[PDB]
Structure formats: C-alpha cells, structure tokens
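Chemist: Here is the sequence, then the experimental structure:
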Amino acid sequence: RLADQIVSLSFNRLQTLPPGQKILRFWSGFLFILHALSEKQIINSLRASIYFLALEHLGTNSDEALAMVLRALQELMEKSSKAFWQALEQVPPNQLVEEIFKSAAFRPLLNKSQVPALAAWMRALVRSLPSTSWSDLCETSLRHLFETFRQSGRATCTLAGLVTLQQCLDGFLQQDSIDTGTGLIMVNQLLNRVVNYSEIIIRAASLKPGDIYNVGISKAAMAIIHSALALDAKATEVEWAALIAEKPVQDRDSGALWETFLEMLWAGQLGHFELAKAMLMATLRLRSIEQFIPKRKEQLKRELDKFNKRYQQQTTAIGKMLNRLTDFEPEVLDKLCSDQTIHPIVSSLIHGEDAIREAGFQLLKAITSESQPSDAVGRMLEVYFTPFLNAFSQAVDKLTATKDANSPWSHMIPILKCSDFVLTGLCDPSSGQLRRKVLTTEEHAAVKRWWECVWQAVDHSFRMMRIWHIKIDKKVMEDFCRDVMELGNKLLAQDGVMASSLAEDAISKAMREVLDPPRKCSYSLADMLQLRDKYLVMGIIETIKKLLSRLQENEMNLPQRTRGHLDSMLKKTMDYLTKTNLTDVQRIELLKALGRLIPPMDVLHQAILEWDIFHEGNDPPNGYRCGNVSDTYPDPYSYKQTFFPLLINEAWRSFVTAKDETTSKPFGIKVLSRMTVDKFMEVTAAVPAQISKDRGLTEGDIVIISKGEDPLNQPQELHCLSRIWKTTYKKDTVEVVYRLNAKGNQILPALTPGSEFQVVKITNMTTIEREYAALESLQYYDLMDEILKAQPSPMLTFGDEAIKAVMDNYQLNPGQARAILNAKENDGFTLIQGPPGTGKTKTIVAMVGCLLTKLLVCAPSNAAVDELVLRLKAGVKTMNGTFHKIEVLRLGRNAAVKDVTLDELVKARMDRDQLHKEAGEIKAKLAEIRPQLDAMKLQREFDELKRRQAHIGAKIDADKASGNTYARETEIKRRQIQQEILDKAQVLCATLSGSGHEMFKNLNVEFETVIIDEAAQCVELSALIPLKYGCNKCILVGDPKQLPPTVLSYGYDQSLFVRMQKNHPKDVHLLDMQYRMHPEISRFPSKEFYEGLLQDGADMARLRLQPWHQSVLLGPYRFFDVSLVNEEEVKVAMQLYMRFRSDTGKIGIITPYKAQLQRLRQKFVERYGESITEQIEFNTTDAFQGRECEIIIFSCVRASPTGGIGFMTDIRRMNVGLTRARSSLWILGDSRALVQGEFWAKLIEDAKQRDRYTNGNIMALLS
Ligand SMILES: Nc1ncnc2c1ncn2[C@@H]1O[C@H](COP(=O)(O)OP(=O)(O)O)[C@@H](O)[C@H]1O
C-alpha cells in the first residue's frame, strides 16, 4: 500500500508533477509512520527507493510540501544516518545539497521562514557526514549560502553559514588527536576557509543585540572566532610535537589569522571580556614551545628553518595580542585578574620568546601600576596572594619536569629573575608580606608549593648543564652557572623567615618542612666544584657548608649519593677518583664540616642582651663567678670553661664603664616589622642617613632601648639592650635590623608597629667576638704547650766578646744587647720586662734588622703600632753595619702611616640617558594616537609605536640588571690586588684585634714570627689573636708592673706576660736603666711603683737642662692644687699654659676621661684657635701609650671609689699618665675630691714632704 501510493505519486510512472496536497498528506503520513517506527526496524525492514522518491518529491513547487520533505529528510538522517548514506552512495552530499538548493520553490521557503528549521537541518547534515566529506561540501555549501544566494532570507542563510563553520570547527576541535596525514591538510583547508570568510564573520559579530535580524548571528560568530583561535594553537602544537620527534608531517598563516581578529576591534564591542579571556587561554595552549637552535658542528635542516619562520610570525602576532590588552580600564583588568585567566599572563612572564615576555611584563606593570618589576610582583603578592602563588608554581612546574635533548633553553634565563622578584617581594625585612600578616589554610599551602617549585627549578638548572654545553657559547654557560649559584645563595639565606612564618614546639615542625626542598638539590651542588673557575667554587663551598650546618642543626641527614660523590672526591684512594682544582683550605674546610675556622656567636648575644644595665652590683645578674687563675690549665676545654665567664664579666665591666662616660646622643626608632625570626625579636627600622653617618652605626654596635625620655638615667622605665645585626644602605635611609630579647622584655607588650622609641648606643662587640673566636679555635694552634703551661724559652749565657760586638753595632747597652742576641738565638716565647723608659721599642727595632739579615709586628693600641711603624720605616741596619731599607705595610684602618696602609695601597691601584630619551619620546606618540582613535592605518601605527616602548622598557630594566655583573667582577680584582700587595711587603704591622680580621681566611698569608709590644697592658685573650697564621716564634715585650703591690696581689684582666712572669721569673730580661725621665719624674713613681730599682741613666741631670726649670714654680715636677667634667682644672690648665706662653711637638695635655677631653679641646680650640690641635696633642691616656713629649700637663677629674666600678683601670690610667714626659710633668686637681683615693693621698703627701705643693688661689699665684 505504501509502495502502491508511492507508485501513484512517482514521477517515473505518472510522468508529471503531483498536486501539493497529496504530497503534504503523504509526507505527514510518513512522519506518523516514522514516529511509530524505530531506527533499528528502519535499518532492518524499511532500508530493504523511498529515499530516491523523497529526492524526487523535493522538487515540487509547493512551499509547504518542500518544508515537509525538509523536515522529513531531517528526521530520516537524524534517526539513522548509516542507512541514509548507504542507500544513497550513488549521489554525493555535494549533489544532494545542490539538488535541494537549486529548486525553484526553496526561495519562498527562505523568505517566509528561535532558530529556523534550515539551521538545525544543516546541523544534522554536518553531523551526519564523516570528516573526509566535510571540506568538499563546504566548498559548495558555504559558497551557496554566503555568496550565491546573497532581507530575512539573507539573514537566515547567513546564520546557516555561520552554523556550518561553527559545527565544522567544533567537530575538529573536539577530536582527541589531529593526524599528521590527511587530517592536518583538511584542518589547514578549514582554517583557510575561515580566513577567506573572515569579513562576513566580522560584520556578523559587529551586529547590535536585540535587532530584528539578529536571530543568533552574534553568538555564532563569536563561537567561530573562539574556536578558530583555539584550533590554530592546537594545530601549531601538534605540528611542533610531530617535527621535533623526526616524523613526516606534509609538504596556513597563523600570523594573518591572529592579526585579522585582532584588527577587527577590541574596545567598543559586546563580549570583549569574553574575547580577551578566550584569546588568553588560546595563547596558554602553546606556552612551552621554543625555536630550534642548530648544533655547533651541525647545520639547521630545511623543515626546521621553515618552522622557525612560521613560529616567528605566530609569536609576533601573540605579542601584539598581549600588547593590545593594556588599553582596558583598571576595573575590568583587576576583575580579570581576581574573578582562571591569570595563568596565561603569569606563564607569559616566564616565556623565552622576546615579544611574549616583554608584552607580559608590560601587562603586569600596567595592571598594578607599580612601574618596576619587583615592585609589581610585590604588589601582586599583596593583593592576590593565593592565585599568583599558584599560577607561578604551575607555570614554572610545567617546564622543569623533563630533562632530555629537546628541553627548552631560552626559558631558563628569566625563571631565575622572576624567582628573585618573588623572593625580594616576599622576604624583605620591611616590605615583606611574611612579616606583616598571619597565614590561613590556603596561604600556607601556596607558600609551601612556591618553595618546592623554586628549589626544583634550581635543581633542574644545575643538572642539565652537560647536555646543554654542546650547542651554546662558553661565556653564556659560565655566566649562567654564576647566576644560578647566586640565586641558590639568596634562596638559602632566608630559611628562618619561612620557619617562623609557616608555624617553640611548632617552630621546629615548620623548620623541618623548609629544609626538605634544599636536600633534593644537593647532588647538583656537589658536582660544580670540579670546574676551572675560581669564583664559582667559593659560592658552591659556602652553600654546601650552610646547608650541611643547617641540616645537622635541626636533626636530619644528607642524601647518600651527594655524600658518596663528595667522599670520592676529596680523599686519597694513591690519587683521587675525580680530578679537582681545589686548594688546601677548601679541602680541610669541607672534610671537617662534613665530619682554624670561625664559630657561631649566637649564645653570646643572648647572654649579653638578657641584661638590665641599671643593676647596682659589681657582678652580672646571671650566674657568672670568677677569681680562679690556676696558671697551668692542661687542656683547651677547661681553658674555655675558665675563660668564658672571664669574658662575660669583662664585657659587663666594659658595659658599665662605657655607660658612665658614653658621650653619645639618643635617636628615635619606629618599628617596621616585629618577628621572632632566628630566636631573637628582630625589630627593623629605617634610620636617616645623617644619624647613621654621625653616630657610626655599623654592625656589632650595641644600643639601649627604652620608653624613657632620657634612656641613660631613668632606671624606673621599661628598657633593655640591643645589638645592631644587619645594616643595609638603601636610597637615602639606612635599613637597620636590631635584635632583641623576648624573655623578660618590659617593652615587649608595648612593642607594636608604629611605636616611636628612644635609643642610645654604648659600645661594639668586635674585639669580644674576636676574643671568642681565638678562644674557640685555640685548639688548632702550633704553640699549644707554651700558651697553656705559660712556659717561655729558657735563658742561656753568651761569650763576653759577641756581647760587646753587638753593643758596638747599634750603640746599645749591656741590658739591651744580651736580649737582642738571646732572641736571635732561641725560638718560642722570650720575655723582656722594663719600666716605661728603658728602650724596649729600641730593642725591637734592632731585632728586625737582626732577623731580616716577612714579619708581623702587633701592639694592642693604635698609638704603639704607629710608633712601631714610624721606627721600622725610618731606618733599618743589618748585622754588618750596612744601612738598608725594608718595605713596610700597615694592616689597619697617622699622617706618615697613611702612605703604607693596606687600605690605601689596595685602593690606589684601583683608581642611560639614551634609553630615557627614547621612552619619553615614544610616550608622546601614544597620547596623540589614542585621542585621534577615539582606522586601519592608525591601528598599525599604534601597535608598532607601542612595541618599541615595550622594547625600550625592557632595555631600561636590563641596564639595572647589568650592575650585578659589574659588581661581581670588581670583587675578583680586589682579592687579586690584595694578594699581590701582601707578598711584596717585607714587614707588616697591626693591632692585636685588627690582625684577626675575617678577610684573612680567604687570602694566602703566613706570618711565621710575631712581635708584640706592650704585651703586659692587655687582656690575656687579646694576645692569642695573631698566632693562628703558623707562628712558631713570638717575642713578648712589655711592663708586668703599672699596678702597685697592694693592687697587684679582679683577676679578669691581668696579661699573658704576667702569668708567665709569675710562673717563670728566672728567664725574664730585666732592664733597670731609663733614658728619658728627669730624676724627679723618675723618683716619685719609682717609689710608688718600682721598688727603688729603676736606676737613672749616666749624667742625666745635665742632659735634661732646659731653661724653664729656672723657676721653682715651673720646675720639672710640681703638684698644683685647685660628673667627669671639672671645669676648674680646665681653667687651671689654661692659666698654666698662658703663664708658660707669657714667660712644637713637645707640649702635651692629658685627661683620663673623654668628657674632660672634649671640654679641654672645646675650650682650647675656643680662644687659642685650631692650630693648637696639632701644636699641643690633646689625647687621653689610652691614646698616648708608648709615646713621649718634653712637657706634659696632667689633669685628672676625680678618684673612683675603692669598691666601685673602675679603680684598677683608673690606677693604670694614672700610672700611664704620670710617666709620659721626659723633662716636665705638671699635675692638676682639687684636694677634696682626690683625698678619697688612697694613691692620690700618697701622691699629695709626697708632694708636701718635698716642697711640691702649691695651694690656694693659683690664678693670683701665677701672676
Ligand atoms: N742605649 C740607649 N742609649 C741612648 N738612649 C736610649 C738607649 N735606650 C733607650 N734610649 C732612649 O730611651 C727612650 C725609650 O723610648 P721607647 O723605647 O720608645 O719606650 P720604651 O722604653 O717604653 O719602649 C728612647 O727615646 C731612646 O732615645
């Protein structure tokens, strides 16, 4: 019946067009039957033609009938397409579409046509066909919809053509793999059809929404643009991943395709936010693809060159895309960043291609408006903490996961720079985000993930050097290795911040999770010590030592492969298994730290900073008792146990004595970041430049902290001590990181960001730290037994002709020649003891001419060093009568010494606008072009003027980054200039503390013989400093006296000389003569100090005859009787000098205290001008040691109390001040404030019992 009605309606039998009512009735019946039937039943029964009769009936002249055959054919091909294309294999889809579309009744179906039926019909048509027939159909069908048929019908066919292109692009974009054979060329044909039909898509997407002709045109065109821009990137990625594996591809235009949809519009259209997001994910699709670099011996192939040109065009277009995005307003920009669209921007920051990286860094600068890269990254970490710290970790981790020969290289240079940017935006001690806020659950994970990511990137950069060294130059690899080493150092320097931010119990828990990423990058570190570079080995050694010390501190282990590689490298097995160029210092340093150096100083800081300075006792508040000197310590550790409280007590007495006479003004600090980092309450502040320059704020400088208005005399307030820990010279204001003590700090509740304090300074730790270093590293000296047992070299006697022979060489004495010859003969410690006028410095100078026929000569004050330098420079005579001249060097920091100073000798051998003009000029063109814009020709200019502003701004930032290269190469020249100077010099002179500098560990020095002058006027741990450098012969010369017998029999500072003198007094070269002092100036401090044994020189009364002693009041000796100021002595000294002037280098005025020294200098400079600063030497007793003048004016303030702080030092002060003159000594002071002291009372009694007293009004008595 169905076939009989088909035969009735067939054009084969009837040979005529049937009436349209029968046609529509028949196809409505077919629709009812097909709704009743099933697809499997259609394939089984209906397929076994009705389809050909449908094609014949599709040519009727009725609009309704043509609509029913179209709806029918849609239902047939949708319900089962396999039978549809099996039963119609004779007719192609081309002829199907042409036969349907050439019908004369189809035009009013279009005209009389919430999508229309034809759009869904063509969706079913495209989905019903295989991929291989997609292209040829399109070559008709789109050409028939867009062009041949071209207004509701025109809008309908335009919508239809957009639907075809969208359906084909979505079909190709949803595939799991595009094959390299026919698949790539049909994708290429579709993309060429998209490029050809681009203008119609542009006018389609430019339509206004809500229009009567917009039936879905704009959304379809937008989806077409999105899918085309995704498919271009996917095709390029597929082609790259094919030709990098040496596979056949085939023998497109991505730049033009990106450029067309760029140049359509981006501001001033609907959905520009969505277009920008789609373009950003499209450029995220291809973020780890790099151009091809040929090998050194090989050449580039043809296909790789063609791919390089194509990739050049594509990356230029992508860079123009990213540069165009910096015209949006900040509101939509921060909406785009905050909102999965930040990942392409952050990945563009890393990229190795120049255009994409420059465009991304400009976009990052434009979003936050912080016009600097590190400031931009800091502001991004401030606003978007977890999105940015996740995007950076993902973008870096995506590229450092595989180590092969196809690994990218140009991406590894700007990974380190961005890691440095994040680190100095995250851990700065004033602008650090980790010093300001507490961390929640998500931020902890973000910071942890960034830590693991950056250490993995450093490990990947170090590991694959060998596979990279076959295709690049030598200089880029050397500079790359140096940069990676410096980044590793900067990364490992900041682990305490992570431990005390990512958490006393949880501190160790957080620290244990910080040191796990550095353990992975350990074998890579212990492989770069084999190179022939001299700068890299220093940094690798430092990083290995710091990592191993921190790992052994917190209780863990090193990887076994790193230890095995280090073990098979520095041990003899007789040669080494791996040839190195290491020295003998690095080998010892490693072979130790692994299992003569500088120890840590972190318990000393807490022991001195847990103190209250206003304690009224004579002992420290903590438990530190002393008074035990056993003189025969047979062990270094018992020596350490004895001499550590002997160091703490000395520091306490120095602190109190410096609190008495501080002479420093206070300054105010404001807290910038409070944080319990590295166990101490490390507070930071920004001190102005003028205060830091005026007060000399260096590291190791000790200050007070108080809330009081005058922190030196308010003990009732809230206060503590601090040590300056790190000083950084910023632009103007110095950044100072004070360290505190959070174990009883009274200001600790009052500590708050924004709390202005008042701070005054006391002393420096440098000598105490050097004494600690000498105490701890005494265990590796070569003079162990002589230091511990206090045994000098034995005494022995010479013949009576060589003594006269050496006496007749330097014109010496029988006391000063036997010592010369004995110290020439034997080795070890030789002791020479004399009062302050014998000639001990004269003996030492003749020793140098005796020994040199290099040397280190040391003295505990600077004045004795200056005297030794001048005497050793003036003239040297050998042991033949010959006048030679040796080379002199000063290892310190006077006028004549300034020409032989090591700091001056090293320094003497040592001695942007174009880019700024381009950036200012290029910014002027952007202002004119943008206001003129708000068309095609203009947009090419505004895209090419703005790329040079990206290019110049990259060159401006690269100018600042080049300063690190100039700063490093300055340092290797300094270590080589220093080492040359240290070998040309014949004699070298320094202080006891200055010779133990930290800079002599990395240099090559060996001083086999040390000479110490004034060895008995210093603490015992000071003379143990310049003995580390292989010294095996030391000569100790000094003065074991300067204390009276009632005071000689404290114990915290005696000497090294005094212990040996009390242990072995039989072998000490005594010098009993004197050769400067008049018999009065030699007769009173004799009987006070030297028990009538200091005998005067031959006929010295006649030698000391200068006129002035013609007056009894102005003789060689006369005592004058008049809060460490005492202006009365200032007026009396002024009157005495005025009297002597009324009646060059021979007049000196001496005060024992710094405040009266300041008053003396102020008053004298006042009315006697500035010429008396050099005429009369104004210095204390601590700056006048070892020297002499003809006339001296001594003015002491007042006697310290007997049981109080001081006393011993004031007695030593008085005895230094008394015996500095050769002709005249004039002592001043009042009687009432001086009779409290015992020895001043003995002095004033000796003054009366020999007519040496002047009392009453001196000012009337002088006139
Ligand atoms: N044998 C000598 N003959 C002549 N003068 C001497 C002799 N020995 C020392 N002097 C003088 O004695 C003074 C001692 O000064 P110096 O040696 O610098 O201090 P000290 O004796 O404390 O080491 C020198 O000025 C020197 O001129």
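Modeler: Right, received. Where do you want to start? Numbering: from 1, shown residues only.

Chemist: could you list every residue that touches the residue of the stretch 101-250 of the chain found nearest the ligand?
Modeler: Closest to the ligand within the stretch 101-250 of the chain is residue 244: 82.2 Å, counting by Cβ to the nearest ligand atom. Just so you know, the C-beta spots here come from the backbone N, C-alpha and C atoms, and that holds for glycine as well. Taking Cβ atoms under 8 Å, 6 or more residues apart in numbering as the contact definition, residue 244 lies against residue 406.

Chemist: Now with 10 Å, please.
Modeler: By Cβ atoms under 10 Å, 6 or more residues apart in numbering, the residues touching residue 244 are 289-290, 292, 304, 307, 406.

Chemist: Just the buried ones from those residues, in ChimeraX syntax?
Modeler: To isolate the buried members of the contacts of residue 244 in ChimeraX, using 16 or more other Cβ atoms under 10 Å:
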select :289,290,292,307
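
Chemist: any chance of the contacts of residue 244 in a markdown table, with distance to residue 624 and secondary structure too?
Modeler: A markdown table is the format used below for the contacts of residue 244 (distance: Cβ to Cβ, whole Å; DSSP: H, G, I helix; E, B strand; the rest coil):
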| residue | distance to residue 624 | secondary structure |
| --- | --- | --- |
| 289 | 68 | coil |
| 290 | 65 | coil |
| 292 | 71 | coil |
| 304 | 76 | helix |
| 307 | 76 | helix |
| 406 | 66 | coil |
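
Chemist: nearest to residue 510, of the contacts of residue 244?
Modeler: Comparing the contacts of residue 244 against residue 510 with Cβ to Cβ places residue 290 closest, at 38.3 Å.

Chemist: Can you give me the distance of the closest one to the ligand?
Modeler: Distance of residue 290 to the ligand, computed by Cβ to the nearest ligand atom, to the nearest Å: 75 Å.

Chemist: and what of residue 801?
Modeler: In terms of Cβ to the nearest ligand atom, residue 801 sits 19 Å off from the ligand.

Chemist: Around that residue, count how many other residues there are.
Modeler: 8 (other Cβ atoms under 10 Å).

Chemist: Ramachandran coordinates for the residue of the stretch 101-250 of the chain closest to the ligand?
Modeler: Dihedral angles of residue 244 (phi, psi; degrees, to the nearest 10) stand at phi -80, psi -10.

Chemist: and residue 1170, what is it in contact with?
Modeler: Per Cβ under 10 Å, 6+ apart, neighbours of residue 1170: residue 1164.

Chemist: ugh, typo on my part, it should be residue 683
Modeler: With contact set as Cβ under 10 Å, 6+ apart, residue 683 has these partners: 429, 669-675, 705, 722, 725, 736-740, 751, 753, 755, 757.

Chemist: Any idea how many residues pack against residue 439?
Modeler: Neighbours of residue 439 (other Cβ under 10 Å): 16.

Chemist: same question, residue 800
Modeler: Residue 800: 7 surrounding residues under other Cβ under 10 Å.

Chemist: Distance of the spatially closest residue to residue 352 that is not a sequence neighbour relative to the ligand?
Modeler: The spatial neighbour of residue 352 that comes closest, neighbours along the chain excluded (Cβ to Cβ, 6 or more residues apart in numbering), is residue 410 at 3.0 Å. Residue 410 sits 70 Å away from the ligand, going by Cβ to the nearest ligand atom.

Chemist: for residue 989, same thing?
Modeler: 15 Å.

Chemist: Could you do residue 1220 as well?
Modeler: On the measure of Cβ to the nearest ligand atom, residue 1220 and the ligand end up 10 Å apart.

Chemist: For that residue, give me phi and psi.
Modeler: Per degrees, to the nearest 10, the backbone of residue 1220 is at phi -100, psi -10.

Chemist: burial of it, as a residue count?
Modeler: Around residue 1220 there are 23 residues (other Cβ under 10 Å).

Chemist: returning to what we had before: out of the contacts of residue 244, which one sits closest to residue 539?
Modeler: Checking the contacts of residue 244 against residue 539 by Cβ to Cβ gives residue 290 as the nearest, at 28.7 Å.

Chemist: Going by proximity to the ligand, name the top residue of the protein.
Modeler: Closest residue of the chain to the ligand, Cβ to the nearest ligand atom: residue 839 (2.8 Å).

Chemist: ok, now which ones touch that residue?
Modeler: Each residue near residue 839 by Cβ under 10 Å, 6+ apart is listed here: 812-813, 815-816, 819, 832, 845-846, 1071, 1073-1076.

Chemist: Now with 6 Å, please.
Modeler: The contact partners of residue 839, taken as Cβ atoms under 6 Å, 6 or more residues apart in numbering, are residue 816.

Chemist: Check the one 5 residues further on too.
Modeler: By Cβ under 6 Å, 6+ apart, the contact list for residue 844 reads 1011, 1013.

Chemist: Repeat that for the one 3 residues further on.
Modeler: Residue 847 is in contact with no residue at all, counting by Cβ under 6 Å, 6+ apart.

Chemist: Against residue 868, how distant is it?
Modeler: Using Cβ to Cβ, to the nearest Å, residue 847 is found at 11 Å from residue 868.

Chemist: again, but for residue 235
Modeler: With Cβ to Cβ as the criterion, residue 235 and residue 868 are 83 Å apart.
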